[PDB]
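> structure of the sequence below:
(chains A, B and C)
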Amino acid sequence: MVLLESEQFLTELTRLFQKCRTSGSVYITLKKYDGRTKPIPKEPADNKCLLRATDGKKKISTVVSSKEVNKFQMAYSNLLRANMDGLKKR
Amino acid sequence: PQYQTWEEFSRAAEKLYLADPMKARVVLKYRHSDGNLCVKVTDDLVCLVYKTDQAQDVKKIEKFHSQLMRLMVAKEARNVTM
RNA sequence: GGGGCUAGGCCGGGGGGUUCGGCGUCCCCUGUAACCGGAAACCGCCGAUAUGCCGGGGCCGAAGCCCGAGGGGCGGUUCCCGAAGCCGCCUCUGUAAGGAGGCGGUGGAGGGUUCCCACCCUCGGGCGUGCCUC
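Numbers count the residues shown, from 1 in each chain, chains lettered A, B, ... in the order given. Now the structure:
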């Protein structure tokens, strides 16, 4: 699965939205993250969160620490605004 | 269960994330073709869901996502103010 | 108990459609820290021993995987009623290129149900729980 740094992620997420326009669901899922690259038998950083996105076919994700939230917050929010058009308007 | 009122959702969702932040996940499903949106928050024990056709809510959600991100990245989330 | 192996295991799971039938490419519902590339609908790989095929790779490692039952839970689904909204007929209004009923459609908000079910927890089974060395 394509793990990306925030830039390409936002570039790639953009893409997904646009290809599920006449047909398709876009899932975006978000979750506090350990750092885990391996399973848990019978390490951990506490300042990370994970973002996953897919349309069922291609999958992308990225990891966001305190270093980089404050920038990413806005860029992402704007991506959401710009692509989740197409609802009702009162 | 399902919520009709965004506030009642957002408040109860954050309560959950805090109660145990590692177990909880936050999902968003966007459906341009049908023109709906769905948001879920759960720890597999309890599930919380909100569905809309209301473009106003898009912005309401940006804030929710954006805060959750901030809370995830903090050491203890009960020390971050709201 | 420590150090090495290799047997295994994981790298997703459901439902629709379609098929005589099983997987897949299509549509939909859904997970993980977690695969990559290629070909494929009047088609690709199969035959109830079917639950995809070809090529590359990562991780775990005697780890584990399988079966059943119970509970949480998401999306479906069976059947039994049923609300807004719309179409037409006929009353009573009384001039609003309109209203209020009655009637039959159309329609399916929301109940009570049947059978599945991603994801999570517990209990009970099955097979394995090896080799070299210290």
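> rest of the way, CA atoms for contacts and neighbours
Will do.
> buried sites along the helix or strand that contains residue A:77?
Secondary structure assignment for residue A:77, by DSSP states H and E: helix A:66-83. Buried positions in helix A:66-83, judged by neighbour count with 16 or more other CA atoms under 10 Å in any protein chain shown: A:66, A:69, A:72, A:73, A:76, A:77, A:79, A:80, A:83.
> across the sheet, point out what pairs with the spatially most central residue of chain A.
Here the mean C-alpha position of chain A is nearest to the C-alpha of residue A:51 (CA atoms, centre = their mean), at a distance of 3.8 Å. As for beta bridges, residue A:51 partners with residue A:30, residue A:62 under DSSP bridges.
> residue B:15 versus the residue of chain A positioned farthest from its centre, what's the distance?
Of all residues in chain A, the one whose C-alpha sits farthest from the chain's mean C-alpha position, using CA atoms, centre = their mean, is residue A:42 at 31.4 Å. Residue A:42 sits 31 Å away from residue B:15, going by CA to CA, to the nearest Å.
> can you check residue A:5 too?
To residue B:15, residue A:5 is 30 Å away according to CA to CA.
> looks like residue A:72 contacts residue A:9 (just checking).
No. Residue A:72 lies out of contact with residue A:9 (CA atoms under 8 Å); the separation is 10.8 Å.
> common neighbours of the two, please.
With contacts taken as CA atoms under 8 Å, 6 or more residues apart in numbering or on different chains, not a single residue reaches both residue A:72 and residue A:9.
> and the closest residue to residue A:76 other than its chain neighbours, what element?
The spatially closest residue to residue A:76, leaving aside those adjacent along the chain, is residue A:10, at 7.0 Å (CA to CA, 6 or more residues apart in numbering or on different chains). Applying DSSP H and E as the criterion places residue A:10 in helix A:6-19.
> go on, residue B:49?
Element membership for residue B:49 (DSSP H and E) is strand B:47-52.
> immediately after that strand, which helix or strand?
Next along from strand B:47-52, by DSSP H and E: helix B:55-73.
> quick one: is that following helix near chain A?
Yes. Using CA under 8 Å from any CA of the partner chain, we find that helix B:55-73 touches chain A at B:55, B:56, B:58, B:59, B:62, B:63, B:66, B:69, B:70, B:72, B:73.
> would JSON lines of the residues you listed with distance to residue B:48 and neighbour count be doable?
Output for those, formatted as JSON lines (distance: CA to CA, whole Å; neighbours: other CA atoms under 10 Å in any protein chain shown):
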{"residue": "B:55", "distance to residue B:48": "21", "neighbour count": "19"}
{"residue": "B:56", "distance to residue B:48": "20", "neighbour count": "13"}
{"residue": "B:58", "distance to residue B:48": "18", "neighbour count": "19"}
{"residue": "B:59", "distance to residue B:48": "19", "neighbour count": "14"}
{"residue": "B:62", "distance to residue B:48": "18", "neighbour count": "19"}
{"residue": "B:63", "distance to residue B:48": "18", "neighbour count": "14"}
{"residue": "B:66", "distance to residue B:48": "18", "neighbour count": "17"}
{"residue": "B:69", "distance to residue B:48": "18", "neighbour count": "25"}
{"residue": "B:70", "distance to residue B:48": "20", "neighbour count": "21"}
{"residue": "B:72", "distance to residue B:48": "19", "neighbour count": "26"}
{"residue": "B:73", "distance to residue B:48": "22", "neighbour count": "24"}
